[PDB]
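Below is one structure; the comments refer to it alone.
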Amino acid sequence: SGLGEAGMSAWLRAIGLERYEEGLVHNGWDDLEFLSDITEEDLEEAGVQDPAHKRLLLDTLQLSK
């Protein structure tokens, strides 16, 4: 019931920010489906309290849908 072992892994690779993966995965963003609705303030909840990091995710959203 789980053939992936990644989810948003390769997703963060498109922008080179997978380092924050575990940061959002251990908060409740492991689901790329839900992360697709993540807000700007939600990123800081996973440890993404950076400007270049906050603007990256938003761009990575529309990128890989």
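Please note that chains go A, B, ... in the order of the structure tokens, that every chain numbers its residues from 1, and that ligands are numbered from 1 in the order shown.
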
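Excluding range 41-53 of chain A itself and same-chain residues fewer than 3 positions from it, the residues having an atom within 9 Å of it are residues 17, 20, 21, 22, 23, 24, 25, 26, 27, 28, 29, 38, 56, 57 and 58 of chain A, counting only C-alpha atoms.
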
field: Non-local contacts of residue 61 in chain A (12 Å; only C-alpha atoms; under 3 positions in same chain excluded) as a VMD selection string
entry: chain A and resid 8 11 to 12 14 to 15 32 to 40 54 to 58 64 to 65

DSSP alpha helix (DSSP H) selection over range 15-44 of chain A, as a PDB file with C-alpha atoms, in the first residue's frame:
```
ATOM      1  CA  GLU A  21      12.038  17.708   2.818  1.00  0.00           C
ATOM      2  CA  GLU A  22      12.238  16.124   6.270  1.00  0.00           C
ATOM      3  CA  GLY A  23      11.471  19.589   7.605  1.00  0.00           C
ATOM      4  CA  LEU A  24       8.002  19.571   6.061  1.00  0.00           C
ATOM      5  CA  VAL A  25       7.573  15.791   6.069  1.00  0.00           C
ATOM      6  CA  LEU A  32       2.519  16.357  -2.248  1.00  0.00           C
ATOM      7  CA  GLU A  33      -1.248  16.650  -2.693  1.00  0.00           C
ATOM      8  CA  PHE A  34      -1.660  18.693   0.489  1.00  0.00           C
ATOM      9  CA  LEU A  35       1.634  20.554   0.090  1.00  0.00           C
ATOM     10  CA  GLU A  40       3.630  31.133   2.804  1.00  0.00           C
ATOM     11  CA  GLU A  41       3.420  31.052   6.601  1.00  0.00           C
ATOM     12  CA  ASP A  42       3.064  27.265   6.544  1.00  0.00           C
ATOM     13  CA  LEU A  43       6.615  26.943   5.217  1.00  0.00           C
ATOM     14  CA  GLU A  44       8.019  28.587   8.347  1.00  0.00           C
TER      15      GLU A  44
END
```

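Considering only C-alpha atoms, the residue among A:62, A:19, A:13, A:5 positioned nearest to residue 31 in chain A is A:5.
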